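Please read the structure below before turning to the comments.
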Amino acid sequence: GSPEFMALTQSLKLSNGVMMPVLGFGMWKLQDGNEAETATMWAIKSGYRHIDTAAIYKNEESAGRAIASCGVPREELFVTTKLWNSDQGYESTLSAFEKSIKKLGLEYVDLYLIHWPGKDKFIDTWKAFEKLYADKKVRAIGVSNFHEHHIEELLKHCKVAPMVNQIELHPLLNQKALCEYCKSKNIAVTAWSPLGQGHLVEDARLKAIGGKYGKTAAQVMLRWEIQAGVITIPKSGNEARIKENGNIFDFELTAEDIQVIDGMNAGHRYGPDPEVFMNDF
Ligand SMILES: NC(=O)c1ccc[n+]([C@@H]2O[C@H](COP(=O)([O-])OP(=O)(O)OC[C@H]3O[C@@H](n4cnc5c(N)ncnc54)[C@H](OP(=O)(O)O)[C@@H]3O)[C@@H](O)[C@H]2O)c1
C-alpha cells in the first residue's frame, strides 16, 4: 500500500524554496506522554506530514517519540516549534531552541517561529533565528501573531525576512487584510484555531454548505482555508476526527460558498490580541 503513496503532501512553496504541507496537525494541549504521543501517531499514520508544536505546549518530547516511532523518514516530515515569550533575546533564544530540539530528539527543525510579538525583544530574538537558519538547525524561520506593523518593524531590522506568519484564522476572523499584506511580502500564512477551537464545527451555515458535498462543517472550514492560499493546522485527540480533517483534497468549494463563508466574518478572536497579550514578558 505504501504509507508514502497516501501521504497528505499537498504543499505551498515558502519564499526560500522549502515545501510546506498545507495541512498540519495541531498539538496545543494534547497532554505530554501517551495522549499526545498516540494522537500524533494516529495523525502520522493517517497521512499527515506536517506537525505543529511549541515549547509552551510542554509536549515536544511526546512529539519526538511519535516521530521516532512512526515508519516514515525524518525527511518526509515537517516539524514546527516555537520560541515562548519568556525566552526572547539572542542568547536566550539559542538556549531555548536547544532545549526544544533536544526534547524533539531531532537533528534539525523544519520551521521555528516567534510565538508572540511582545513589546521590543523580537528583533533581537530574530538575529538568533537567522543564525540557526544559516547553520541549518532550522530550514525555515517565521513569525506568529504579528500584525502588519510588527512585520514592517522587523523588515527594517533583519537580514532574512520572516517566511511564515501563523495567526488565528477562521470564518469569524478571516484575516483577509493581514493575509494580503503577508502575500505582498512573500510571507506564507498558517491558520491557528482553524476550526474556531471547536466552536464552529456545528455552525448551521457551514453544515449546510458541507451537506452539498457530503462533507462536514469542519472539512468545509479547512477547505475554505486551503483555497484561500493559507496553511491549516487543526488539532484533535480523536482518531476518527483526525482522519476526517485530512479528507479535504477530494472536493472544491464553489466561488459562491467561498463568498458566503467570507461573509461570516465578525472580527471575533477566540484567542488573545497580539497588541495586548504580554504573558511571561
Ligand atoms: N501560535 C499561536 O499563537 C497558536 C494559538 C493557538 C493554537 N495554535 C496551534 O494551532 C492549532 C489549532 O488551534 P486550536 O487547537 O486551538 O483550535 P482548533 O484546531 O480549531 O480546535 C478544534 C477543536 O475541535 C475539535 N475538532 C477537531 N476536528 C474536528 C472535527 N472534524 N469535527 C468536530 N470537532 C473537531 C477538537 O476536539 P477533539 O480533540 O476532541 O477532536 C478541538 O477541540 C493548535 O493545536 C496549535 O498547534 C497556535
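Counting from 1, position 279 in the sequence shown corresponds to residue 279 in my numbering; the numbering is continuous, with no gaps.
Virtual Cβ for every residue (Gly too), placed ideally from N, Cα, C.
For the 7 angstroms CB-CB criterion, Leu-200 and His-268 do not form a contact. Note that the C-beta distance between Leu-113 and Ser-92 is not below 7 angstroms. Assignment of alpha helix (DSSP H) within the stretch 76 to 157, counting only whole runs of 4 or more residues, yields 90 to 104, 122 to 134 and 148 to 155 in chain order. The beta strand (DSSP E) runs of length 3 or more contained entirely in the stretch 29 to 70 are, from start to end of the chain, 50 to 52. Looking from the CA of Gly-210, the closest CA among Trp-192, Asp-257, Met-27 and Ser-236 belongs to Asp-257.
In this structure the stretch 26 to 39 touches the stretch 55 to 66; the number of beta carbon pairs closer than 8 angstroms is three or more.
Straight across, the Cα-Cα distance linking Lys-121 with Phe-281 is about 9 angstroms. In the three-state scheme derived from DSSP, where H, G and I count as helix and E and B as strand, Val-220 is classed as helix. Partner residues in the beta bridge of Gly-26, as assigned by DSSP, are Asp-52 and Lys-235. Inclusion of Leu-14 and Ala-140 in the CB contact set at 7 angstroms is warranted, their separation being smaller than that value. Around the beta carbon of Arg-49, 16 or more other beta carbons sit within 10 angstroms, so the residue counts as buried. Looking from the CA of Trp-192, the closest CA among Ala-208, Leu-169, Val-160 and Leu-154 belongs to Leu-169.
Distance from the Cα of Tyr-90 is smallest, within the candidate group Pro-73, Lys-103, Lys-127 and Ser-69, for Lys-127. Per the coordinates, the alpha-carbon of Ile-67 lies some 17 angstroms from the alpha-carbon of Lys-137. For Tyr-213, the closest C-alpha among the options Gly-198, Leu-253, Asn-165 and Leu-23 is that of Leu-253.
Nearest Cα to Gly-26 within the set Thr-216, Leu-222, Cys-158 and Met-6: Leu-222. At the C-beta level, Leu-132 and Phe-78 stay beyond 7 angstroms of one another.
For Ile-261, the enclosing alpha helix (DSSP H) has its first and last residue at 255 to 262. When C-beta atoms of the stretch 238 to 246 are compared with those of the stretch 35 to 45, three or more pairs fall below 8 angstroms, so the two segments count as touching.
In this structure, the CA atom of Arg-74 is about 33 angstroms from the CA atom of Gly-118. With distances taken between CA atoms, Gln-259 lies nearest to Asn-174 out of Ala-218, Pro-274, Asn-238 and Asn-174. When only Cα atoms are considered, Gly-47 and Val-160 end up about 32 angstroms apart.
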